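Working notes, structure below.
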Amino acid sequence: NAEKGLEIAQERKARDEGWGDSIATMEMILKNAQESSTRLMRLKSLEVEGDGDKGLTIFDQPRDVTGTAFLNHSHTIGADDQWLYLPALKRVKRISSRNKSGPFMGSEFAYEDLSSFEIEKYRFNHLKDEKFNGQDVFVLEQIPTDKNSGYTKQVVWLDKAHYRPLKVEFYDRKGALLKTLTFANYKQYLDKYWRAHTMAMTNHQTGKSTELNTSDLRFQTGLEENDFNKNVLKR
Ligand SMILES: [Mg+2]
């Protein structure tokens, strides 16, 4: 049912409400040749009344990315605002929504994967229940309403206990399975908010992969709206 899909999804969304802000210390691991390269970054996130999340990622290490920064303001309706800061020339570039499907800094995450999940961005459909990694899960489909998406659909395995994604399969514009995102090392914050400390995107067609690992997560650190102003990019 389309209406069970929507009900599940509204609950998934409702169970992740109220966290306010967070600062994550992170590692990005790119396995994008025959072998591996590692980046260090911080991700600041802010929950916004009546909108999508804002996120500011700043890369710290190694030298070829130090200072590079990515700012995202997710919108529920219409295009996200996205900007990339490159410190070499101190130029902020707006990322056009027509280009959201493109890869973010050579990784298996697209620009569009770095906005927050919002119910208004998809049409939902419950497919079936399944057992996955020994957890009871809902399997549901979400179809991006935006024609600029690189995806025809995503299929989400969502655990019944906590309504967390365990796996998301992404299908490309031609309908073919493109890549899978897995979530592991979930940890709960303020007795409510689940965050996956290990996330792995594997491209099946390519098969490059990108891991996102979190070593530390602080919530409600005092961040505010002006800390995500595009003018902050230049420091
Ligand atoms: Mg079912």
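For the sequence shown, the residue numbers in the entry's author numbering are -1 to 32, 34 to 234.
C-beta atoms are modelled at their ideal positions from N, C-alpha and C, and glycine is treated no differently.
Run through DSSP, which three-state label would residue i get?
i, result
"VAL47", "coil"
"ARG10", "helix"
"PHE108", "coil"
"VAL155", "strand"
"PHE116", "coil"
"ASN184", "strand"
"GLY133", "coil"
"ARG163", "coil"
"residue 33", "In this structure residue 33 is absent; the chain steps straight from 32 to 34."
"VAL231", "helix"
"residue 33", "Because residue 33 lies between 32 and 34, and the chain jumps straight from the first to the second, it has no atoms in this structure."
"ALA68", "strand"
"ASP145", "coil"
"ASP19", "strand"
"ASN124", "strand"
Who are the near neighbours of residue i in its chain, counting only those whose CB is closer than 7 Å to its CB and skipping five residues on each side?
i, result
"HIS161", "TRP193"
"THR144", "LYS120, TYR121, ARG122"
Which residues in the same chain have their Cβ closer than 8 Å to the Cβ of residue i, if we skip the five residues on either side of it in sequence?
i, result
"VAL136", "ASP128, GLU129, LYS130, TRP156, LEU157, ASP158, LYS159, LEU165"
Taking residue i and residue j to be in contact with their CB atoms under 8 Å, please state how far apart those CB atoms are, rounded to whole angstroms.
i, j, result
"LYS43", "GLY54", "7 Å"
"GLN219", "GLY18", "5 Å"
"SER114", "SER73", "4 Å"
Nearest to residue i by CA position, among the options, is which residue?
i, options, result
"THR65", "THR75, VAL47, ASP79, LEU85", "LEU85"
"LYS146", "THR179, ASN98, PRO102, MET40", "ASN98"
"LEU176", "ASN184, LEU189, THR205", "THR205"
"residue 33", "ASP190, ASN184, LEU180, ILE142", "Since the chain is numbered 32 and then 34, with no step between, residue 33 has no place in the structure shown."
"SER95", "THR209, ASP79, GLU107", "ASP79"
"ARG41", "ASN212, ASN225, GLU223, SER73", "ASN212"
"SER208", "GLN8, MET24, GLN153, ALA109", "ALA109"
"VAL138", "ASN124, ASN132, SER148, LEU28", "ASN124"
"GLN141", "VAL167, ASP59, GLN134", "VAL167"
"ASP63", "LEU39, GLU48, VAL47", "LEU39"
"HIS196", "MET26, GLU34, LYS178", "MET26"
Closer than 7 Å to a non-hydrogen atom of ligand 3 - does that hold for the CB of residue i?
i, result
"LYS127", "As far as ligands go, the structure on display features ligand 1 and does not contain ligand 3."
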